[PDB]
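A quick write-up on the structure given underneath.
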Amino acid sequence: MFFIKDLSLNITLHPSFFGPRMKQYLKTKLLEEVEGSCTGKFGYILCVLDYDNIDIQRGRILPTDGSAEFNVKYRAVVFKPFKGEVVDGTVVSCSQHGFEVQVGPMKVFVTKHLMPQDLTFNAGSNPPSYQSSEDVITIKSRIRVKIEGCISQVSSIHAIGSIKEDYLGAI
Amino acid sequence: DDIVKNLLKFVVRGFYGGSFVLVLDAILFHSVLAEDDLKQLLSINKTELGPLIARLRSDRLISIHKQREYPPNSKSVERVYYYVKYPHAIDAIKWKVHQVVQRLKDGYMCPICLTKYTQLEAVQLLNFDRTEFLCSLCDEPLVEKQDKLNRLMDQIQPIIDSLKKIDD
Amino acid sequence: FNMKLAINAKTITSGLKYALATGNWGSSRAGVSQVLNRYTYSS
Amino acid sequence: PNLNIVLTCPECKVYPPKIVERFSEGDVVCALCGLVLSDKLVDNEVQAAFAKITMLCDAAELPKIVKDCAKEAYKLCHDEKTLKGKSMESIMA
Ligand SMILES: [Zn+2]
């Protein structure tokens, strides 16, 4: 699910950055860290909306290291994957345990045990493909995947789904 | 009380050996006994009757009332009353059979590391360079009955049917 | 019966040796024994 | 399973570790680039047998070294098959 949320973040300026232009530096560090990074709580952070209106609040100096800390409240778009969710993806890597589905920034894996009986692995194809009674699953092939489960780690996310059920499989 | 006796015999066949079954049948033959009556009735000793009594006490199979015969000849009389309680036995058997079925109803491990991993750990352990699940610290390969439990469950199914017949 | 086995010398010997080493008479007493001060002949 | 820690200089990397350890500074340093590797370096039958054995060697006034060699010896024999007896007097002697 692609959502938008108001997010808070704390930032640390090395003292040498305290020149009047510093606010720009703030927006710089904000974009650099936040965009493209992942956070277990809010999912993959995608892009920061409302670049110009970013609230600086009031910068506090902490004890030793003399480095200025801030709290930035900003609005941004992030992707949070969910359990029991149906998504579409394109295969990238193929394993005997299953093929790894690429959904957005996230790589979803499907277990062979989560796959129908008719669907079979083929190592005699280049690259290795899954040839069912009808559909043939290959890298560039598109497959509709319902996500069975998700593992959320601070700074990363990984997960599983199954095309076993109805209205699923190759797109 | 024929159905209850049949359920008790089935429990004796399932739980323990034949000597305990015979002791239960002997208690079934005679209405009430006090603490010495099995010893007169049986060729086993009292100390060994005691290990068997402790085994019965471990379960809910039967019940004990502890009574004194009051008349003041010497120390009076320690009479124990062993009477089977059907509700406790029914509850314990149901809990055991259901728990057994749950156990029958109930993966990654590295050979050198002897660690253990799960499906969520599978998403973490996947590497793009090779195709495999790699261990965390040692980066070792990862490796990893029900039908037989189902056949033994066929024995459990006759007992469940007998319990249903006893209920109705 | 053999006299050497009946009498155990280290009882007494190691007992005294121990006591004077630790200086504890028992504690029921302590510090009775002290290493001599050779700082100066007066001391 | 692994768990063995080795100290290696990421800047040198040339050899395995060749280092010196400084106890006073309580730190350990590669002898080459002079980099500090680590910091804050911190500073029933048997008992009965050895009891009576102890008594015997004691009455014999044998120095503790002898006593302890015999103790060690006896532990090795202990309960083994081939001994198959001797009532505990023969073994102690
Ligand atoms: Zn070095």
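What you see of chain D is 16-58, 124-173, where the numbers are those given in Swiss-Prot.
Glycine residues also receive a Cβ, built from the backbone N, Cα and C atoms like all the rest.
Secondary structure at D:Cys48 (Zn(2+) binding site), as computed by DSSP, is coil. Around D:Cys48 (Zn(2+) binding site), the same-chain residues six or more apart in sequence whose CB sits under 8 Å from its CB are D:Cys24, D:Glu26, D:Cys27, listed in sequence order. Swiss-Prot lists D:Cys24, D:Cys27, D:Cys45, D:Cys48 with the feature Zn(2+) binding site, giving sequence analysis as the kind of evidence.
Annotated zinc finger per Swiss-Prot: D:20-53, in sequence order, evidence recorded as sequence analysis.
The Cβ neighbour count for D:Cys45 (Zn(2+) binding site), using a 10 Å radius over every protein chain in view, is 20. The candidate set comprises the binding-site residues D:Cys24, D:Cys27. Of these, D:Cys24 has the most other Cβ atoms within 10 Å.
DSSP gives D:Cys24 (Zn(2+) binding site) a coil state; it is part of no helix or strand. Those same-chain residues not listed among D:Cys24, D:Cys27, D:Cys45, D:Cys48 yet with C-beta within 8 angstroms of the centroid of the Zn(2+) site C-beta atoms are D:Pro25, D:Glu26, D:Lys28, D:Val29, D:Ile34, D:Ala46, D:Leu47, D:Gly49, D:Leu50.
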